[PDB]
Each structure stands twice: as structure tokens, then as C-alpha cells.
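In the text below, chain A, chain B and the rest are named by the order of the sequence lines, each starting its count at 1.
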Amino acid sequence: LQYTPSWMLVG
Amino acid sequence: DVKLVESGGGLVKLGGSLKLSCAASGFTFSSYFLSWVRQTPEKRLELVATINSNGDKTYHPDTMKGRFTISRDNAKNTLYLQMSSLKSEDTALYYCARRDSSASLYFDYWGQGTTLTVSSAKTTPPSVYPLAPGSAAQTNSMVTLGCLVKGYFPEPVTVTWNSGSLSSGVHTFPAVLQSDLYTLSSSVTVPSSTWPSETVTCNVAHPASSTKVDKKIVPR
Amino acid sequence: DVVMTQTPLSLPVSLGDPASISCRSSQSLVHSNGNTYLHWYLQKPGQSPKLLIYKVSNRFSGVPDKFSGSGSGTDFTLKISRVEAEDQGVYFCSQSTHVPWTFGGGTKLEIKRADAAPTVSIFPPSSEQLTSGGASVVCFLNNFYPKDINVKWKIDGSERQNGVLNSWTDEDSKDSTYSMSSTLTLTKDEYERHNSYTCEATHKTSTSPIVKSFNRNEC
């Protein structure tokens, strides 16, 4: 399902 | 320090619109992601929206989608949240929130949050009614009496027994929506000898409508 | 999205004791990158939540060692070794593996004290009120412990006529007890066409429901 996206995981 | 400050809450009519701000001092705004989270009056959960830095990317669940829209002004250390067709289920405390930079996906800094109430209710004063036991109330030693403060808006109301001379044995239940209007009770417990022998009066005040009322609990 | 179910919803304790809160996501929490984004936050009466633990078991800067967290995939646990007064509030587990992020119903640390039976009182509607054509029958369940309680309204021996609003006071700072009020609103008319009104309750502390009652025609 909807894991958290690449962005948001950036930094 | 790191300090975010939410503001702009208040009362709005249903289907109304309103813009919350969040000012962010004590750090490099342009660096962090931020979000708005909120807490249901029954005290819950609540993610509303999230945005990157120099905000070219945003997320809104599907529910909030359409009612809520996040944005920022890195050029100004302010995040916002434009709201638009407020349902009453949107009433809640709105928090401003910072994401940890290590990307561990958790909020390291919250604000105090702004309140928001969506009601079309108009300012209505409450009706006060005494509550004598009629039926014993435990003709033991204690004898409980109450006041039903009913159907008024907006919150809050204040209630006291015997002008505040009565502090002990007094409970006051948090308010609740009786339709679009508030209702609340207050109770006092007193020694049987004490009443009906001596007076016992509940004072009620509802400043938003200029009301002060005293109501004598006379036996029945 | 994933339903964070915490347990229990309420937790009574004596300082010095230690506790364990469970939290159980619906889908698994391992993210497609090996990270497990389950966190724990505390909310103190009147403040913003404060993160305690992140990534299942990483203490945040300044979180005392009494606190610790562990778990895998769907099941997780928050543990507190000796509870301080400082440790009391509502605890929540959020997840971030799945978007949108979700938080659990929260779990409440509250003071343990001896069982206490509620003092019930029922009141007939006021004449002031009737005059207005509404009729509210109130029932006060006072100072009782533990928190759990149930209340049934009968009317002429049957269960209630709709407008039952319940209300809870929080745990009391002095005697650690709880209180509640239940109100049954009726039209004046449906009120006048029934004679017995029953406030009925059950709380472990009594083998049987406590019952305060009153007939309309005779005050």
C-alpha cells in the first residue's frame, strides 16, 4: 500500500 | 529557541472559510518541512497537511482534500492553512509542527495551537433550572442538589454556589452539544441539616450574552 | 493510513510502579527501506505532545532512561520502569511508514486508588422547565472508582426515550475519583404521558445495578 514517498524522506 | 506560533482561530459559520497562520522563529525555516495536525474535541489523531521546504510539494489526505490547503512563505517564516468549506466536524485545536531534519519522520517542535469552532449558532443565553431531589437524595447526611444550565452559545459559562462560598462537594460537568447548543450541569453536596434549612443558590454567568442568573434551590 | 490500536485505553497506577502500553498497527510498519516509522508521544494536560521515542526504540534528546520502547512490524510496546508523577498524561503512537500518518486513540496513565461506589441521585424536571414545554430528567453518578460505569434509563420499565447525553468529569485531583451525569430530555408531552422514571447503573462494586427512581404524579 501507500508507504511514505521519496520526498518527505528527503532532507 | 525553536518556537512556532499558530494564530487566526475563532468562530466561523458552516461552509465558511478562514486562514490560519504559523509564525516560526528561532531557526532556519527554509530548511524544515512542516505540517498542521489537529485535535478533535474528543482528543484525537489528526494529520491535516504537510509541505516541503521552499514549498513546491504538498500532501493532503483525501478527506481534507478540498477543505484544506497548505502553503508557506520562506521569504517570511510563515506557514499557513487556508480552510474553505468548513463542516462542523472540523472544529478542533490546530497545531503547527516541524519535522526532524534527519528525515526520521517525526515532529520535533509543536506550537500551542489555535482553536477553531464551526457553528452557525447565534449568541443564545442559557436557561437555568434548579434541581431539588424531591426523592430523598440520601436523607443520610449528604443531600445533593444541582443546576441544569441549558442550551446557550458560545461556550463558556461559569457557575458557583452561594456566590463561591460553596466550593466543597461541587462538581461541574464539562459541556456538550445539545444540537448546535451547549448544555452543562453542576452539582453540590451538602449536609442534610444544611438544607433546606439554609439557602443554596447556583450563580450562572454567560458573559457572551451579558447574563447573570441566580437560581434558588427550593424544595421541589 | 492504518489503524493504530492502543491498549489499554486507561491505566491506573501508583507512583513507583511501572507500566506497559501496547500499540498495534493494522498493516505492517516496515517501510520499503527497512526503517520502521513507529513513534511515541506524550501529552500533558494542557500542552502539545512531546516526542519520547522514535523509530520504535530511539530515545529522543532528554528522555529519561525509565522510558524505553520495543517491538517489530505490527505489535509494539512502550514501557516505563518506575512511574513518576511527571509521567502522567496521555500517550500516543504515530506511524509514518504509510501516508497519511496516523496516531492511536491514546492511552491514559491515571492514579490508582481504592474502589469507590457512586452516589446516584435522580431529579424530576423543574416546573420552570416544563412551563417551557421541554422536560429534562437528570441523574448524577458521584465520586466513584474505578472509571468504568454504565447507566440505563427505563421509562415505565422500558429502556429510554432518546435524548440521553452523558457527561464525564475528569479524575479528581483530591480524591482521585470520577463523576458523571446523564440527562434524558423529552418533550413535555411524552414526559406527561408516563409515570415512572428510572436511572439505573452498574459498576463493579455492586453485584447489582444501583437504582434511583421516581414517579411523575407524586413529588
Side-chain angles (χ1 to χ4, degrees), chain B residues 35 37 39 43-50 59-64 95 97 100 102-113 127-138 140 142-146 148 150-151 169 171-178 183-187 189 215 220, chain C residues 1 4 31 35 37 39 41 43 47-51 53-55 58 60-61 90 92 94-97 99-106 119-129 132 134 136 138 140 142-143 163 165-170 172 179-181 183 185 212-215 218-219:
Chain B
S35 283
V37 176
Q39 198 168 15
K43 288 275 145 283
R44 273 210 324 172
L45 228 157
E46 316 167 0
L47 186 80
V48 178
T50 303
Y59 171 78
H60 308 268
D62 286 290
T63 306
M64 319 288 170
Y95 303 108
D100 71 296
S102 80
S104 313
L105 316 177
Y106 67 68
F107 308 109
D108 62 357
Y109 279 84
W110 303 75
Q112 93 277 307
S127 298
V128 191
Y129 301 119
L131 302 172
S135 45
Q138 188 201 219
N140 175 202
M142 309 317 302
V143 59
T144 305
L145 311 168
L148 181 270
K150 191 199 199 77
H171 298 88
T172 294
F173 302 78
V176 187
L177 278 192
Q178 194 158 184
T183 299
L184 162 174
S185 316
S186 190
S187 90
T189 303
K215 217 72 178 280
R220 281 307 295 165
Chain C
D1 190 304
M4 297 315 317
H31 180 103
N35 296 123
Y37 301 95
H39 320 301
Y41 292 99
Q43 186 170 35
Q47 293 183 298
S48 310
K50 266 74 177 184
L51 165 75
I53 289 162
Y54 63 108
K55 266 151 65 162
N58 283 107
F60 180 62
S61 316
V90 179
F92 306 100
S94 182
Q95 70 82 22
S96 311
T97 300
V99 92
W101 309 351
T102 70
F103 302 69
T119 288
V120 191
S121 311
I122 193 183
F123 310 80
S126 77
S127 73
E128 258 95 334
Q129 178 174 202
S132 80
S136 289
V138 175
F140 284 143
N142 290 294
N143 312 81
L165 270 79
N166 289 328
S167 183
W168 292 268
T169 223
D170 276 312
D172 188 272
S179 268
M180 82 150 325
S181 89
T183 296
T185 305
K212 281 288 263 50
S213 193
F214 79 79
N215 298 320
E218 41 153 277
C219 313

Worksheet entry | Candidate pair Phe173(B) and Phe140(C), rule ring pair (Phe, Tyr, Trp, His ring centres under 6.0 Å), full reasoning | CA-CA 10 Å; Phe173(B) 302 78; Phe140(C) 284 143; 5.5 Å; yes
Discussion item. Show, in sequence, the C-alpha distance, side-chain angles and deciding distance for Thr119(C) and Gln138(B), and conclude whether the side chain to side chain donor-acceptor pair (under 3.5 Å) test is met.
Written reply: CA-CA 9 Å; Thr119(C) 288; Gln138(B) 188 201 219; 5.3 Å; no
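Atom-to-atom distance recorded for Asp108(B):CG and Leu51(C):CG is 8.0 Å, nearest 0.5 angstrom. The CG atom of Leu184(B) sits 9.5 Å away from the OG1 atom of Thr183(C) when rounded to the nearest 0.5 Å. For the atom pair CG of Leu131(B) and CD of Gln129(C), the computed distance is 9.0 Å after rounding to the nearest 0.5 Å. Here the CZ atom belonging to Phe107(B) is positioned 14.5 Å from the NZ atom belonging to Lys50(C), to the nearest 0.5 angstrom. The distance from atom OG of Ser127(B) to atom CD of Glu128(C), rounded to the nearest 0.5 Å, is 10.0 Å. The structure places NZ of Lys150(B) at 8.0 Å from OG of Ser132(C), a figure rounded to the nearest 0.5 Å.
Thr189(B) does not touch chain C: none of its heavy atoms, backbone or side chain, sits under 4.5 Å away.
Between the side chains of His171(B) and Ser179(C), at least one donor N or O sits under 3.5 Å from an acceptor N or O.
Contact of the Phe123(C) side chain with the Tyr129(B) side chain is not registered, since no non-hydrogen atoms from C-beta on lie closer than 4.5 Å. Here the side chains of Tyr95(B) and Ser48(C) are in contact, with some heavy-atom distance below 4.5 Å.
Interface check for chain C: of the options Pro174(B), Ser185(B), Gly111(B), the most heavy-atom pairs under 4.5 Å are formed by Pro174(B). The greatest number of non-hydrogen atom pairs below 4.5 Å with chain B, out of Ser167(C), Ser213(C), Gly163(C), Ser121(C), is found for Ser167(C). Chosen from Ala137(B), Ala132(B), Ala97(B), the residue pairing most often with chain C at heavy-atom distances under 4.5 Å is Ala132(B).
One N or O on the side chain of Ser96(C) and one on the backbone of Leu105(B) form a donor-acceptor pair closer than 3.5 Å.
The local environment of CG in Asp170(C) is sparse, with at most 12 non-hydrogen atoms from other residues, nucleotides or ligands closer than 6.0 Å.
Ring planes of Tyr106(B) and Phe60(C): perpendicular class, angle over 60° (limits at 30 and 60°).
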